[PDB]
Amino acid sequence: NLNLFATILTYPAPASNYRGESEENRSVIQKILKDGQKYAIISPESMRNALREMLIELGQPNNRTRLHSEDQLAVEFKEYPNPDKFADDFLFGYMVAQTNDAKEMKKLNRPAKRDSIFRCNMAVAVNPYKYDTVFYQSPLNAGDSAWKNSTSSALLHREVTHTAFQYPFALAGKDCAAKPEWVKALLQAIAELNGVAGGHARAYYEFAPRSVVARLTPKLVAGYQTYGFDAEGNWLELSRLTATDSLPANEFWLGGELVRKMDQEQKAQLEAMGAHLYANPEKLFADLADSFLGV
Amino acid sequence: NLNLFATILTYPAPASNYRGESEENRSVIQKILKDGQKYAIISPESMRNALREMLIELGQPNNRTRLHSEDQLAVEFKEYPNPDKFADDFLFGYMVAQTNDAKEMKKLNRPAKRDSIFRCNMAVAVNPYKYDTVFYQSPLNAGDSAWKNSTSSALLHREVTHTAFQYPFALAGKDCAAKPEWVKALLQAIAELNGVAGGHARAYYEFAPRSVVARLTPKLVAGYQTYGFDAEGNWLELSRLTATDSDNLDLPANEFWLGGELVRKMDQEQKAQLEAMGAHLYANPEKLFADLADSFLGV
Amino acid sequence: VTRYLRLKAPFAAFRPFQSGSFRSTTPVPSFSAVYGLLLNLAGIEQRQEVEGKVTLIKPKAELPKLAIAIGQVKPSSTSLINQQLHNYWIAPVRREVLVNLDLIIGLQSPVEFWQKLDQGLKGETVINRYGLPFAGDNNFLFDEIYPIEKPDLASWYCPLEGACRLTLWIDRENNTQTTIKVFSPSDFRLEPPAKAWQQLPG
């Protein structure tokens with residue numbers, strides 16, 4: 001009743017969001033796993049930034065914003081952050097002060113802020129990387145030398161992968177005074193997010209809706225899930241070794257997109273046991289959030 | 001009413017699209033997908049260049065134009081690009097810089113344009129590649145040595161595939177002061193684009209009209225699509241259960257999708273049934289665009 | 001002695017102090033890291049970390065009667081992640097990530113620890129823990145429970161005269177000066193040797 005875990009995956013699409021650099025100038029995608037196969041990942045900071053952006057999208061106050069300015073990457077300080085900030089700072093955000101301003105911001109609020117509340121993890125492609133690549137760029141040269149760029153024009157490679165990746169997340173129920181209004185917006189945003197990449201002029205894909213399962217339990221952060229889905233998407237096997245033996249109990253699962261599989265007989269027996277009666281993932285977050293909340 | 005989505009496929013035809021290079025004298029094709037087979041693709045910047053060319057085709061001022069010069073691929077730059085440009089610079093493109101003159105050319109505009117208003121992804125052949133080739137060639141030699149080319153008369157190869165492919169795109173509604181005039185031209189050009197290939201003297205085909213699955217709702221970028229069709233070309237099988245129930249069951253709405261050419265499939269009774277909720281009425285995509293650009297727009 | 005609890009995570013990271021512009025990780029968590037983690041599981045106020053922003057001092061009369069034996073038997077590759085950090089405006093710097101870790105942690109304590117651990121499955125009026133042992137930073141913690149006791153044997157490494165440096169006592173103002181544990185590599189065995197266990201002041 002005070003903890004909520006979940007995992008989200010998406011639809012197949014090519015890849016993007018490179019980070020590394022090459023001496024010979026081929027953009028490279030991140031690699032982590034060393035067992036004879038490669039995988040592509042995304043750091044949590046990117047999706048945290050996207051969540052901040054869509055919190056900005058809905059009417060929500062904030063003390064942090066990204067400004068498009070000179071080449072140096074900077075963020076607007078704005079005014080002194082307060083824990084009673086309506087949308088962002090209360091939700092998360094850690095501030096560390098070298099001098100601690102003046103007398104601990106005049107003996108107000110708390111000096112160091114704990115993010116807590118929201119958690120995230122890696123995103124794993126759950127599909128091996130392949131050496132496929134495409135050489136694409138043939139830049140131009142000015143014919144009038146008006147703000148001319150580099151003199152030469154080169155030809156370099158870029159690679160994509162037809163892949164869909166998943167990620168887990170979690171949050172604990174601790175505050176209910178002002179939290180519910182912002183938690184509703186947070187769940188609405190996480191139910192539909194976009195971006196989490198740099199290159200969107202090319203390689204456009206969005207990863208909000210797919211088969212989602214969440215668990216609201218007072219387990220104090222213990223999860224039976226292995227945090228891994230099927231490559232084909234029929235990850236349901238972990239339920240079969242569990243659901244038939246209800247040792248998780250009857251009200252320890254939810255349902256998402258996978259429920260619209262044509263088979264129906266075991267859906268009926270699980271309907272009397274689990275409340276996975278939702279076929280639209282957007283509808284799922286509208287109701288189960290209320291159950292997680294005190295009211 | 002603030003976002004527009006679509007995925008567009010084409011007619012079946014052979015495609016050459018020679019992109020790669022090989023010492024073995026075979027212009028190879030790009031493969032990206034891994035399911036045990038190979039697929040042919042289209043780079044998005046190719047259709048970007050085609051869209052630029054047809055923005056040039058209709059009366060639309062621009063700053064970028066291609067010229068033929070020494071072998072270094074060069075493009076004429078004309079006036080310095082500005083965000084308040086008419087067709088090309090405002091709609092897409094970035095004003096990259098190395099020195100960026102002094103104080104941002106006396107505080108004129110800004111050297112950072114966010115991105116293209118509309119965003120597109122690469123195309124997928126949705127038909128397996130085959131190892132067929134054409135022995136299409138026999139270069140010859142000059143006779144009087146006047147402007148003679150390479151000395152020998154060598155042999156080489158080429159390959160083609162009989163394939164029809166689709167591609168998605170989307171955009172968001174932000175500006176409405178100057179945007180509508182050029183958005184109309186963009187939609188008209190999207191309704192009919194031609195090129196997106198190197199070889200049109202040989203292996204000519206056009207690929208704009210086959211079907212439209214357009215969508216416009218104030219959901220802030222939600223996609224129920226998978227951006228994939230079948231070989232026969234209809235994808236309504238999984239989405240027929242979704243199309244109905246406009247009133248209840250929290251299912252995607254009635255004025256949520258648009259029709260295309262697949263509506264002219266043989267049966268009509270269920271077409272009439274779906275007519276009651278959704279706007280699957282327009283058989284010709286070019287007419288569909290002229291109406292839904294107005295609907296999406298302010299007027 | 002009376003209970004050895006093992007736990008796994010999908011990934012982990014443990015970055016020694018004064019890393020600089022190259023953040024590295026050790027194959028195993030430090031003794032103080034797991035101590036703070038389990039203490040956190042139990043629930044306690046942030047004492048050792050005397051932060052420069054808030055006064056959270058450590059009273060001297062604390063005696064965690066804990067002796068632990070850890071080590072890594074399974075191999076875990078380390079990958080490099082390139083990212084950008086705002087902390088020195090923003091400058092880019094890359095660090096390391098551990099793919100996985102093993103499950104051999106053992107504990108001894110007076111009887112009061114077992115009540116909280118037993119109540120762990122069911123929680124009433126839970127209170128958050130300030131310390132975040134080993135690393136102040138959050139977003140990197142996952143936990144598991146296994147009371148399986150003896151089975152799933154693995155190596156135990158006894159410090160002798162491998163993880164060259166393990167931090168001891170979690171000093172903040174000045175270097176703790178505990179020095180390297182020097183556990184090195186421990187020969188395979190069902191039961192860890194008595195030299196593996198040791199007393200930690202805090």
# chains A, B, ... in the order shown; residues from 1 in each chain; ligands from 1
>>> select_by_dssp(residues="range 136-181 of chain B", states="strand (DSSP E or B)", output="PyMOL selection string")
chain B and resi 157-158+161-163+166-172
>>> residues_around(residues="range 87-91 of chain C", least_positions_apart="6", cutoff="10 Å", atoms="only C-alpha atoms", output="list in words")
residues 72, 73, 74, 75 and 96 of chain A; 21 of chain C
>>> write_last_selection(atoms="N, CA, C and O atoms", output="compact mmCIF listing (two decimals), in the first residue's frame")
# COMPACT_ATOMS: atom_id res chain seq x y z
N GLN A 72 28.59 26.89 -24.55
CA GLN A 72 28.69 26.29 -23.22
C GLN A 72 27.31 25.88 -22.73
O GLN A 72 26.34 26.65 -22.82
N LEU A 73 27.21 24.67 -22.19
CA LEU A 73 25.94 24.13 -21.70
C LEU A 73 25.68 24.69 -20.31
O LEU A 73 26.42 24.40 -19.36
N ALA A 74 24.62 25.48 -20.18
CA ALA A 74 24.27 26.12 -18.92
C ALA A 74 22.79 25.93 -18.63
O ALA A 74 21.98 25.70 -19.53
N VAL A 75 22.45 26.02 -17.34
CA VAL A 75 21.07 25.91 -16.87
C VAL A 75 20.78 27.12 -16.00
O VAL A 75 21.65 27.58 -15.25
N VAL A 96 23.23 21.09 -3.65
CA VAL A 96 24.41 21.12 -2.80
C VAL A 96 25.07 22.48 -2.95
O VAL A 96 25.32 22.94 -4.06
N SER C 21 38.77 12.84 -12.29
CA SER C 21 38.11 12.84 -13.59
C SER C 21 37.95 11.45 -14.18
O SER C 21 37.61 11.32 -15.36
>>> interface_residues(of="chain C", to="chain A", cutoff="8 Å", atoms="only C-alpha atoms", output="VMD selection string")
chain C and resid 10 53 to 54 77 to 83 89 to 90 99 120 to 123 138 to 140 142 to 145
>>> interface_residues(of="chain A", to="chain B", cutoff="8 Å", atoms="only C-alpha atoms", output="PyMOL selection string")
chain A and resi 11-12+68-69+130+132-134+136+138-147+149+152-153+160-162+192+194+200-206+208-209+280+283
>>> residues_around(residues="residue 276 in chain B", least_positions_apart="6", cutoff="10 Å", atoms="only C-alpha atoms", output="ChimeraX atom specification")
/B:244,246,254
>>> select_by_dssp(residues="chain C", states="alpha helix (DSSP H)", output="list in words")
residues 31, 32, 33, 34, 35, 36, 37, 38, 39, 40, 41, 42, 112, 113, 114, 115, 116, 117, 118 and 119 of chain C
>>> write_last_selection(atoms="C-alpha atoms", output="PDB file, in the first residue's frame")
ATOM      1  CA  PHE C  31      32.696  -3.264   4.451  1.00  0.00           C
ATOM      2  CA  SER C  32      31.287   0.119   5.471  1.00  0.00           C
ATOM      3  CA  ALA C  33      29.051   0.179   2.383  1.00  0.00           C
ATOM      4  CA  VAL C  34      27.268  -3.073   3.237  1.00  0.00           C
ATOM      5  CA  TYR C  35      27.270  -2.092   6.926  1.00  0.00           C
ATOM      6  CA  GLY C  36      25.440   1.139   6.129  1.00  0.00           C
ATOM      7  CA  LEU C  37      23.107  -0.649   3.719  1.00  0.00           C
ATOM      8  CA  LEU C  38      22.000  -3.260   6.258  1.00  0.00           C
ATOM      9  CA  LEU C  39      21.849  -0.611   8.982  1.00  0.00           C
ATOM     10  CA  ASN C  40      19.647   1.330   6.550  1.00  0.00           C
ATOM     11  CA  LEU C  41      17.478  -1.772   6.146  1.00  0.00           C
ATOM     12  CA  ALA C  42      17.145  -1.764   9.926  1.00  0.00           C
ATOM     13  CA  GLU C 112      17.470  -7.173  18.267  1.00  0.00           C
ATOM     14  CA  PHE C 113      18.418  -7.280  14.566  1.00  0.00           C
ATOM     15  CA  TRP C 114      16.228 -10.296  13.785  1.00  0.00           C
ATOM     16  CA  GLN C 115      12.999  -8.607  14.897  1.00  0.00           C
ATOM     17  CA  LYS C 116      13.392  -5.790  12.364  1.00  0.00           C
ATOM     18  CA  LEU C 117      14.468  -8.218   9.630  1.00  0.00           C
ATOM     19  CA  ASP C 118      11.464 -10.442  10.365  1.00  0.00           C
ATOM     20  CA  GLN C 119       9.190  -7.386  10.347  1.00  0.00           C
TER      21      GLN C 119
END
>>> residues_around(residues="range 183-192 of chain C", least_positions_apart="2", cutoff="10 Å", atoms="only C-alpha atoms", output="VMD selection string")
chain C and resid 69 to 73 106 150 to 166 180 to 181 194 to 197
>>> closest_residue(among="B:82, B:248, B:273, B:295", to="residue 217 in chain B", atoms="only C-alpha atoms")
B:295
>>> atom_distance(atom1="CA of residue 248 in chain A", atom2="CA of residue 288 in chain A")
18.6 Å
>>> residues_around(residues="residue 205 in chain B", least_positions_apart="3", cutoff="8 Å", atoms="only C-alpha atoms", output="ChimeraX atom specification")
/B:13-15,200
>>> atom_distance(atom1="CA of residue 149 in chain B", atom2="CA of residue 204 in chain B")
27.1 Å
>>> residues_around(residues="range 255-261 of chain B", least_positions_apart="5", cutoff="7 Å", atoms="only C-alpha atoms", output="PDB file with N, CA, C and O atoms, in the first residue's frame")
ATOM      1  N   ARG B 210      -0.423   5.826 -51.673  1.00  0.00           N
ATOM      2  CA  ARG B 210      -1.030   4.499 -51.613  1.00  0.00           C
ATOM      3  C   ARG B 210      -2.114   4.391 -50.549  1.00  0.00           C
ATOM      4  O   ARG B 210      -3.125   3.727 -50.784  1.00  0.00           O
ATOM      5  N   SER B 211      -1.926   5.025 -49.389  1.00  0.00           N
ATOM      6  CA  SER B 211      -2.905   5.016 -48.305  1.00  0.00           C
ATOM      7  C   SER B 211      -2.467   5.956 -47.188  1.00  0.00           C
ATOM      8  O   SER B 211      -1.267   6.156 -46.978  1.00  0.00           O
ATOM      9  N   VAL B 212      -3.424   6.531 -46.463  1.00  0.00           N
ATOM     10  CA  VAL B 212      -3.140   7.461 -45.376  1.00  0.00           C
ATOM     11  C   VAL B 212      -3.861   6.987 -44.122  1.00  0.00           C
ATOM     12  O   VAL B 212      -5.017   6.552 -44.185  1.00  0.00           O
ATOM     13  N   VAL B 213      -3.174   7.062 -42.983  1.00  0.00           N
ATOM     14  CA  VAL B 213      -3.731   6.645 -41.701  1.00  0.00           C
ATOM     15  C   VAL B 213      -3.670   7.803 -40.714  1.00  0.00           C
ATOM     16  O   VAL B 213      -3.480   7.598 -39.509  1.00  0.00           O
ATOM     17  N   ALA B 214      -3.833   9.027 -41.221  1.00  0.00           N
ATOM     18  CA  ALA B 214      -3.593  10.251 -40.461  1.00  0.00           C
ATOM     19  C   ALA B 214      -4.330  10.303 -39.127  1.00  0.00           C
ATOM     20  O   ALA B 214      -5.369   9.660 -38.948  1.00  0.00           O
ATOM     21  N   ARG B 215      -3.791  11.084 -38.191  1.00  0.00           N
ATOM     22  CA  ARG B 215      -4.324  11.209 -36.842  1.00  0.00           C
ATOM     23  C   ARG B 215      -4.029  12.611 -36.327  1.00  0.00           C
ATOM     24  O   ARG B 215      -2.949  13.151 -36.577  1.00  0.00           O
ATOM     25  N   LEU B 216      -4.990  13.195 -35.614  1.00  0.00           N
ATOM     26  CA  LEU B 216      -4.771  14.483 -34.962  1.00  0.00           C
ATOM     27  C   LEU B 216      -5.642  14.561 -33.717  1.00  0.00           C
ATOM     28  O   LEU B 216      -6.872  14.602 -33.815  1.00  0.00           O
ATOM     29  N   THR B 217      -5.001  14.545 -32.552  1.00  0.00           N
ATOM     30  CA  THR B 217      -5.676  14.635 -31.264  1.00  0.00           C
ATOM     31  C   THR B 217      -4.770  15.386 -30.301  1.00  0.00           C
ATOM     32  O   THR B 217      -3.541  15.339 -30.437  1.00  0.00           O
ATOM     33  N   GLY B 278     -16.206   6.996 -37.485  1.00  0.00           N
ATOM     34  CA  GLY B 278     -14.961   7.571 -37.949  1.00  0.00           C
ATOM     35  C   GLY B 278     -15.084   8.280 -39.284  1.00  0.00           C
ATOM     36  O   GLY B 278     -16.053   8.119 -40.022  1.00  0.00           O
ATOM     37  N   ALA B 279     -14.068   9.083 -39.582  1.00  0.00           N
ATOM     38  CA  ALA B 279     -14.032   9.878 -40.810  1.00  0.00           C
ATOM     39  C   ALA B 279     -13.251   9.151 -41.904  1.00  0.00           C
ATOM     40  O   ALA B 279     -12.267   9.653 -42.447  1.00  0.00           O
ATOM     41  N   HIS B 280     -13.707   7.940 -42.221  1.00  0.00           N
ATOM     42  CA  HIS B 280     -13.118   7.137 -43.289  1.00  0.00           C
ATOM     43  C   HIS B 280     -13.984   7.299 -44.536  1.00  0.00           C
ATOM     44  O   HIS B 280     -14.704   6.392 -44.955  1.00  0.00           O
ATOM     45  N   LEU B 281     -13.904   8.484 -45.135  1.00  0.00           N
ATOM     46  CA  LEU B 281     -14.735   8.835 -46.278  1.00  0.00           C
ATOM     47  C   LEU B 281     -13.950   9.164 -47.536  1.00  0.00           C
ATOM     48  O   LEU B 281     -14.483   9.002 -48.636  1.00  0.00           O
ATOM     49  N   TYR B 282     -12.706   9.613 -47.408  1.00  0.00           N
ATOM     50  CA  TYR B 282     -11.956  10.163 -48.533  1.00  0.00           C
ATOM     51  C   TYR B 282     -11.171   9.041 -49.202  1.00  0.00           C
ATOM     52  O   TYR B 282     -10.322   8.403 -48.573  1.00  0.00           O
ATOM     53  N   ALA B 283     -11.461   8.802 -50.483  1.00  0.00           N
ATOM     54  CA  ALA B 283     -10.769   7.747 -51.213  1.00  0.00           C
ATOM     55  C   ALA B 283      -9.437   8.228 -51.775  1.00  0.00           C
ATOM     56  O   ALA B 283      -8.468   7.462 -51.807  1.00  0.00           O
ATOM     57  N   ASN B 284      -9.367   9.484 -52.216  1.00  0.00           N
ATOM     58  CA  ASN B 284      -8.149  10.030 -52.795  1.00  0.00           C
ATOM     59  C   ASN B 284      -7.359  10.758 -51.723  1.00  0.00           C
ATOM     60  O   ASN B 284      -7.892  11.694 -51.105  1.00  0.00           O
ATOM     61  N   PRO B 285      -6.110  10.368 -51.459  1.00  0.00           N
ATOM     62  CA  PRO B 285      -5.335  11.052 -50.411  1.00  0.00           C
ATOM     63  C   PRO B 285      -5.144  12.538 -50.659  1.00  0.00           C
ATOM     64  O   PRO B 285      -5.099  13.311 -49.695  1.00  0.00           O
TER      65      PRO B 285
END
>>> residues_around(residues="residue 293 in chain A", least_positions_apart="6", cutoff="10 Å", atoms="only C-alpha atoms", output="NGL selection string")
:A and (1-2 or 173-176 or 179-180 or 183-184)
>>> atom_distance(atom1="CA of residue 48 in chain C", atom2="CA of residue 176 in chain C")
11.4 Å
